[PDB]
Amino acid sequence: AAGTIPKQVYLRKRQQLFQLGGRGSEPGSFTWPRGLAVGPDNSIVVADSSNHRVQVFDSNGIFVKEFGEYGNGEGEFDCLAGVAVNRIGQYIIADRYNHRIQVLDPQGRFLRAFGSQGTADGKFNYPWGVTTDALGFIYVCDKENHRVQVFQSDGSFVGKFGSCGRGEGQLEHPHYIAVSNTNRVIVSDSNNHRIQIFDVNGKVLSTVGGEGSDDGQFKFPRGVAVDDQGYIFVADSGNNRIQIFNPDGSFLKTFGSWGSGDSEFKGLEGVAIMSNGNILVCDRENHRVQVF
């Protein structure tokens, strides 16, 4: 991989390499998938929301394992949306309709849960959307509280930031986030049609994009990912596009349109980026994950 020019790789993005899913509840099928994440060896981890489960695939698409079932018990999920994998390989699920986070081990066995519905510190309204920083700190978007709450690996509350509003440092219904290896917190601020970037302590660092349909503009951004150089990847759901941004925030590339064939989307949700430049998009109403 030594001579790779990332910018050139990203600018060639359009044609799907392969896809995953198809409607159903058997292993390898999805129902209305929302969050996805990449794992250690570039594994593809899918929040299979309406099947109340996570499914894990290797970097070439081969199904590996699934875990979870409907419920409010330990290791059960109501209608999960967000998923993530930390450096230790344990699975971190935003169990949306139970208003809690569950952390499972690399084999999908239950380790701990935390949170319940509420506005208070450590309490969530509709969690939807989670990620991990290098030290194992958990960052949640509780969508309906218009904020980001950060926890320790054991669930201990640590801090929070953002609040309802349309201004500097505010959020309206944020769905998805990512933390870069620079420890900048990258929040898709859905209804403000913008990407918000904070440091770990809640200080606004910059803003990417704004409302519109031109290059560099968003209509209801959903999934976000960041690569190891700071390229930012956005599911521009309102405009039926993936957008890619240079590490300085400037528009680089866009691809996709409303549809259900190769490179077409309906209901863009989560987004993830493999360390080889493969972009992963969750295509909710087509019950599939597409890889570019």
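In case it trips you up, residue 1 is the first one in the sequence shown, and so on.
Stretch comparison (261-269 versus 55-63) by mean CA B-factor in the PDB entry places 261-269 on top. Taking the PDB entry as given, 98-106 carries the higher mean Cα B factor of the two stretches 98-106 and 216-224. The entry assigns its greatest Cα B factor, within the set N145, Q90, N192, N181, to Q90. Going by the entry's values, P40 shows the largest Cα B-factor out of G28, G35, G230, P40. For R12, the recorded CA B-factor ranks within the middle third of the chain. Only modelled residues enter the ranking. Annotation for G209: CA B-factor lies in the lowest third of the chain's modelled residues.
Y70: CA B factor in the highest third of modelled residues in this chain (values from the PDB entry). The entry lists a Cα temperature factor for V200 that places it in the highest third of the chain's modelled residues.
For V140, the recorded CA temperature factor ranks within the middle third of the chain's modelled residues.
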